[PDB]
Structures are given as structure tokens and as C-alpha cells.
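> Sequence, then the experimental structure. Questions to follow.
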Amino acid sequence: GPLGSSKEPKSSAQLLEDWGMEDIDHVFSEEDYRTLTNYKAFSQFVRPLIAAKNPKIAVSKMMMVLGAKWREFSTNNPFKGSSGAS
């Protein structure tokens, strides 16, 4: 049978949950997609955000969450091209 050992990856929520931590119940919405168009703009927002729910988290773990969230963001983001095309 088709198992697919790599189909469902660990999302940032998954990772954080796997560590026994809670994530920000925020949802990257349409306006967020159009404004956080790059990782630096993204991290500057999302880092203090997640840190607000887990301030005692390890930075090494946090960077995984941020990175995964950027991925998740880009995944649910319909706007492939922030200003039209990309």
C-alpha cells in the first residue's frame, strides 16, 4: 500500500506541540500575506509573537518554528506574487 513516509511534514505548530509548547492562535491572513513578503519582515513580527506564548523556549527550537512558519505562510498564501505576479 502507498504509505508515503514523507507526505505530512511537521509544521511549526506540530514542532512546537512536539516539544510540549503552545503556539500563537493567530492566523496568517490575506493582509499578512501581502505585507510579510520576505522572511526578515516575517521574523521581526512572528519571533516576538511566538515568544509571547513561549518565552522560555530554546532559540534553536524557535528558529525551527520561524522557519517552518515562513514555509506554512508561503504555503497557505494565495498571493504567489505580492504585487501581482511571481
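Thanks, I have the structure now. Numbers count the residues shown, from 1 in each chain.

> remind me, longest helix of this structure?
Counting residues, the longest helix in the chain under DSSP state H turns out to be helix 59-76.

> can you give me the helices for this structure?
According to DSSP H, the helices that the chain contains are 12-18, 30-35, 39-51, 59-76.

> Just send those helices back as a markdown table, with mean neighbour count and distance to residue 82 too.
Where C-beta positions appear, they are placed from N, C-alpha and C, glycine not excepted. Converted to a markdown table, those look like this (neighbours: other Cβ atoms under 10 Å; distance: least, Cβ to Cβ, whole Å):
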| stretch | mean neighbour count | distance to residue 82 |
| --- | --- | --- |
| helix 12-18 | 17 | 21 |
| helix 30-35 | 12 | 6 |
| helix 39-51 | 15 | 11 |
| helix 59-76 | 15 | 11 |
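
> I'd like these laid out as CSV, including distance to residue 1.
What follows is these, written out as CSV (distance: least, Cβ to Cβ, whole Å):
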stretch, distance to residue 1
helix 12-18, 24
helix 30-35, 37
helix 39-51, 37
helix 59-76, 27
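
> so which of the ones you listed gets nearest residue 4?
Proximity to residue 4 (Cβ to Cβ) singles out helix 12-18 among the helices of the chain, at 16.4 Å.

> elements contacting the closest one?
Contacts of helix 12-18 with other secondary structure elements, assessed using 3 or more Cβ pairs under 8 Å, 6 or more residues apart in numbering; DSSP states H and E, are made with helix 59-76.

> List the contacts of residue 42.
Each residue near residue 42 by Cβ atoms under 8 Å, 6 or more residues apart in numbering is listed here: 36, 66, 69-70, 73.

> farthest-separated two in those?
Farthest pair in those, by Cβ to Cβ: 36 and 66, 11.7 Å.

> which neighbours do those two share?
For the pair residue 36 and residue 66, residues contacting each of them under the criterion Cβ under 8 Å, 6+ apart are 42, 46.

> who touches stretch 67-86?
10-13, 15, 28, 30, 32-34, 36-37, 39, 42-43, 46, 50.

> swap in stretch 23-34?
Taking contacts as Cβ under 8 Å, 6+ apart, the residues outside stretch 23-34 that touch it are 12-13, 16-17, 36, 49-50, 52-53, 65, 69, 72-73, 76-79, 82.
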